[PDB]
Each structure stands twice: as structure tokens, then as C-alpha cells.
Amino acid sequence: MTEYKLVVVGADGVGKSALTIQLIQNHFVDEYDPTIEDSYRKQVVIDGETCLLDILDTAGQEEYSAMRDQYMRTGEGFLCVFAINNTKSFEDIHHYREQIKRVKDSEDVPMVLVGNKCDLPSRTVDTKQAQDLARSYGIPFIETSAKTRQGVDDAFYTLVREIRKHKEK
């Protein structure tokens, strides 16, 4: 069975854990332990292919040990998540993309830009801003809500499709 290693990265509080738990459990958590970094497996069918998705939901101290470099280097594609009500989390996307490029030693790593919390009314990052950023990176952009499940399947499945396109060479 085909396995895909997905990694969810981004600032604290953008909804990485809520997105992961929505995908895996079809339920919205109002709180998820900020001390829990972990990987979950989910079997799905994407475009007729039965896959195993291994989803690493990242958390912990900001540290750049060689061990953590190798841990991140195992990821085959990355969801780079910001929240559309938090401009700082959007400005931090550059950082996460650069760190992925660094550990993967490539400018062509499967990535999807995810603007989460799209159910909230207090939007500070406009859609055009995010699509412009994603266009400049050459990656898809998807708006999601872990609360309503809007866009959640599409974000993770689009990442899988990006990994397949990379694997085809």
C-alpha cells in the first residue's frame, strides 16, 4: 500500500492540531494539548488509489537540532498553515517554507499553503494576498476551517496530489 508522509507546520494556534483531528476523527476540538507533537495514520482513497496518510502534527520548543532536521526531512510534503485572522502567522510562512527548503535541500518540495479559520469573521489576511504568495511559491492555496470542515479534505488530498506529481519527476 502506498504511504504518504505529510507534515503540518505553522505558527502556534493556527489550528494544525484541529485540522489533523478533523481529518482523522471528523470532530472539532476546542482545545488540543500544546505539548503534543505526534503522527497519526489514516487510510483513505484518493483518485481511486487506496493510501495510508501519516500526518505529523508539529509542536514543541523552537529548536534546530540535527535530530529535528532529520525528523522534518522525513516528510514528503508539507501543509504550511496560517490563520486568516492572524497576520503574524501569515508573515511566518516564509520562515517555514525556508526551513523546509533547507532540510530538503530543494526548491521543489510538495507544499500546500493553508489559510485556516475561514469560518471566523475577523479576517486580516485577504484571499488575494494568500493566492499571490502561493503563486510566487508555485504551490496551491486552500482556505479551510477545522470547525466546519470546509476545505479540510481538499487541503490534505491536494498535498497528496502534489507529492504524486513530484514522484513522477
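Residue numbers run from 1 along the displayed sequence.
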query: 122-130 versus 99-107 - which carries the larger mean C-alpha B factor in the record; finding: 122-130
query: Mean C-alpha temperature factor, higher of 52-60 and 30-38; finding: 30-38
query: Third of the chain, ranked by Cα B-factor, where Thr144 sits; finding: lowest
query: Chain-wide C-alpha B factor ranking for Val44, given as lowest, middle or highest third; finding: middle
query: Ranked against its chain, the third holding the CA B-factor of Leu113; finding: middle
query: B-factor third for the C-alpha atom of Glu162 within its chain; finding: lowest
query: Within-chain third of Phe82 by Cα B-factor, per the entry; finding: middle
